[PDB]
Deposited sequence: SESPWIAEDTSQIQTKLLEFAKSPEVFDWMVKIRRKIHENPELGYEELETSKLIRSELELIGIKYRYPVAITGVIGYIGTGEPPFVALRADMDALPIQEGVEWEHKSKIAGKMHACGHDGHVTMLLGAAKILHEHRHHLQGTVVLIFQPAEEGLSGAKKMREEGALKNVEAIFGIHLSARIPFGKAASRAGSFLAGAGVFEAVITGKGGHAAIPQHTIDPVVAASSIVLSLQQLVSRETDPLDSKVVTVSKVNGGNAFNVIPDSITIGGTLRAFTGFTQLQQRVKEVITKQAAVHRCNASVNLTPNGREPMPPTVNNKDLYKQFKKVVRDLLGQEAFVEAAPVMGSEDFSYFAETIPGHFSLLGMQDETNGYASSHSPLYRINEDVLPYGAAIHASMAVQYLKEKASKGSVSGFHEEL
């Protein structure tokens, strides 16, 4: 029944106005002042006790008994420094900033889920923790909330991401590794006279050789050299893998090291340069995935769940999912003729008719998780 509640004028109209208010006033990482104030106003109106501030602008709400088991639902708050190209009534009023990744929709659907869960709060066998996360785009926000104790005593966390790659109203996931990890590296190459330059060009080519694509998408490995700048040469770049992420880091370091040595050079390799720690692959807990497929099929029909392919994208939800059982899913918006622009596009649109689906999926997943836990 919560789908029909999610679609009702009361809830749907309210979600649309919230979404559009955020959309008109996009804020970047750690600067989500107005977005944070709106979330907190709505929690108060529902109402729902919360902790604030968490990671400057972040907010954590609670619904249910107030006691364990705690299950978390997550939305991200931040926009991107992109000029909106969509001409419409609720276009960004802030030039050069836009919600081009659906994050306005994510906050809204989580507030929708909070409204829905609150109506059933006395039946929840535990507590739903609503995590409104700042600064996803710079990949530091989830990590900062984790540092500040956002996951303490939390047994599971679920996140939804709106997608133009999945058809409207379908939800997509897969068990295990889902989104690729990402790391950076910096190496300094020094002679033990042309040897450092020779060593560097050799290193650059040997590293470019570690890019591997095969027939299983999870095997894909990317190593990029983005920086090279003669007494010493500094090489920097990035690496990505769905699996064997640590082994790829070690292989990058081994290549730099061995190549420098055979060119009579020293090499200093840093795999966390300037405190840039790697972000691990986003792994969907198998038990949570199984629960999610059943939730989605019960709520929206057998055909509504689609198995997602691995994605080489950037999503800091990985930091939550590395520390507790995590589940990250895609919620489709795409129409039959591919009219919805990709994430990050200046032409990105949310199909607002999706908002009730995400609200219901969030709510249902929380309820079922707690129910199953009790059984």
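According to the record, C-alpha coordinates are lacking for deposited residues 1-15, 208-216, 254-261, 408-418.
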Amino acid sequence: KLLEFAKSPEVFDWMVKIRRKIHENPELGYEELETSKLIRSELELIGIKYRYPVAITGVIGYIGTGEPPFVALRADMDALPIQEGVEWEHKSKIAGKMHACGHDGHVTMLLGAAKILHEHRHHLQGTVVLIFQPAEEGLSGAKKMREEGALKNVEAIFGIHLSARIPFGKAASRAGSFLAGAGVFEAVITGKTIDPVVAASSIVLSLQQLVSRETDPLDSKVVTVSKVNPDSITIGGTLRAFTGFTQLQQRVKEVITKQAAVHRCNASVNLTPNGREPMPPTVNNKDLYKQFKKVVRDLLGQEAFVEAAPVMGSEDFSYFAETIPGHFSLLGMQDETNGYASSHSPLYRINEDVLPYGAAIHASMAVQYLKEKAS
From here on, numbers count along this sequence of modelled residues.
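Two stretches are in play, 312-320 and 325-333, and the higher mean C-alpha B-factor belongs to 312-320. Per the PDB record, of the two stretches 99-107 and 272-280, 272-280 carries the greater mean B-factor over its C-alpha atoms. Per the PDB entry, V11 shows the highest C-alpha temperature factor of the residues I18, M365, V11, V354. In the PDB entry, the Cα temperature factor peaks, among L139, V128, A267, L179, at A267. Per-chain ranking of the deposited C-alpha B factor places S202 in the highest third. The PDB entry assigns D287 a C-alpha temperature factor belonging to the middle third of its chain's modelled residues. Placement of the Cα temperature factor of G236 within the chain: highest third of the modelled residues, per the deposited record. Ranked by Cα temperature factor within the chain, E84 sits in the lowest third according to the deposited record.
When the modelled residues of the chain are ordered by their C-alpha B factor, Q259 lands in the highest third.
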